[PDB]
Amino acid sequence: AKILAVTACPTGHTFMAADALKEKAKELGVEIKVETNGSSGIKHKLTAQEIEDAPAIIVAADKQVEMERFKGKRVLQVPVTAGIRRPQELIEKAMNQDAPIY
């Protein structure tokens, strides 16, 4: 199991949020995989198996993300800016499953 994230923004912030999440996860000694949805497209797309196994998924997004793949999973939906400003809070909420089922 590992927590997952998706970051996205209209102009494709996306990458700054992914960076902040990854750097903070390393600081906290926890694994994370971050899918990005930017201007060039999708990178590090989450797999169905990763999603099944995830305690929760962080979706830090300022544009629409494909969400139906997350049905039944706990999803912490926040603005993309939250990934930059408060990655520790998001990671620790995801770990604690402090997120509603989608």
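Residues carry their position along the shown sequence, with the first being 1.
Where coordinates are absent for parts of the deposited sequence, a chain break appears; between neighbours residue 12 and residue 13 it spans 1 to 3 residues. Sort the modelled residues of the chain by CA B factor and residue 42 lands in the highest third.
Split the chain's modelled residues into thirds by C-alpha temperature factor. Residue 53 is in the middle one. The entry lists a Cα temperature factor for residue 27 that places it in the highest third of the chain's modelled residues.
In this PDB entry, residue 74 carries a Cα temperature factor that places it within the lowest third of its chain's modelled residues.
Split the chain's modelled residues into thirds by C-alpha temperature factor. Residue 34 is in the lowest one.
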